[PDB]
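Comments concern the structure below.
Each reported figure results from applying straightforward, stated rules to the coordinates on display, with no laboratory input. So basically every Cβ, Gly included, is an ideal-geometry build from the backbone, and we count neighbours across all protein chains shown.
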């Protein structure tokens, strides 16, 4: 599952924590098995303005 | 003090039941002895623990 988020909200994504992103955008399961992978995409995914 | 054996058996059973009921109301290291308050105060991971 790919979702491009503010580097300030990886914390919410982690299983069992909640947040705006976690409660309303993408929720993880409590017994989730998998890898939360992230990497800053400023060169391309961010554009001026 | 002639029917001591039967009375002792009845007293032992009643004491065992009362001890079980009292032991139901033990914290065992938890925050509270009642689960509804634990669910209300805590988030799901800590409450589950």
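Every test in (1) more than 14 Å from chain A (Cβ to nearest Cβ); (2) out of contact with any helix residue (DSSP H, G or I) (no Cβ under 9 Å at 6 or more places or on another chain); (3) in a helix (DSSP H, G or I) is passed by residue B:27 save one, and that test is (3). Could you check, for the range A:15-30, whether at least one of its residues is within 13 Å of another protein chain (Cβ to nearest Cβ), surrounded by fewer than 11 Cβ atoms within 10 Å (Cβ to Cβ), closer than 29 Å to residue B:48 by Cβ and in contact (Cβ under 8 Å) with a residue 12 or more places away in the chain? Within the range A:15-30, one or more residues are within 13 Å of another protein chain (Cβ to nearest Cβ), surrounded by fewer than 11 Cβ atoms within 10 Å (Cβ to Cβ), closer than 29 Å to residue B:48 by Cβ and in contact (Cβ under 8 Å) with a residue 12 or more places away in the chain. Applying the condition of being within 12 Å of the chain's Cα centre (by Cα) and free of Cβ contacts under 8 Å to residues at least 12 places away in the same chain to the range A:31-40 and asking which residue is nearest to residue B:47 (Cα to Cα) yields A:35.
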